[PDB]
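*Asks:*
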Amino acid sequence: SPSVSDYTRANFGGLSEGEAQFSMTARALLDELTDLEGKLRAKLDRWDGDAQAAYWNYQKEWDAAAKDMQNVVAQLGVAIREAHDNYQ
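All the letters of the sequence shown, read from the start, carry residue numbers -2 to 85 under the deposited numbering.
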């Protein structure tokens, strides 16, 4: 019943809403981890040697996982723009 055009605009609306939600979730996670790293580093000098070594390995892992979310939303944003025929 609706036209091809009606369904097409509806689909681009959904893509835009989804992209914005995934972007807000990625930004929220980055803020929370940056805040935690500040708190942990305050007295890192007073930790046991083995625990200090653990920190550098575990920090590396949680930061990489967060960075991956951010890369995914960047690529999705570009793909959606080009699907709209917008190359600027």
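Each residue gets a CB set at the ideal place from its N, CA and C atoms; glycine is no exception.
For the pair the stretch 20 to 29 and the stretch 61 to 79, tell me if three or more CB-CB distances fall below 8 Å.
*Replies:* Touching, yes.
*Asks:* Mind checking which residues open and close the alpha helix (DSSP H) that includes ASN8?
*Replies:* Segment 1 to 38, the alpha helix (DSSP H) holding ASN8.
*Asks:* Leaving out five residues before and five after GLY74 in sequence, what residues of the same chain have Cβ atoms less than 7 Å from its Cβ?
*Replies:* Taken in chain order, the residues that qualify are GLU16.
*Asks:* Do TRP59 and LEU27 count as a contact pair if the criterion is CB distance below 8 Å?
*Replies:* Not closer than 8 Å, so no.
*Asks:* List the whole-angstrom C-beta distance separating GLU79 from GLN56, where the pair is believed to meet the contact cut-off of C-beta under 8 Å.
*Replies:* The Cβ separation is near 35 Å, so there is no contact.
*Asks:* Can you tell me whether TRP44 is helix, strand or coil according to DSSP?
*Replies:* Here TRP44 sits in coil by DSSP.
*Asks:* On a CA-only basis, which of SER0, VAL70, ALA50 and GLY10 is nearest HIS81? Give me that one, please.
*Replies:* Nearest C-alpha to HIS81: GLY10.
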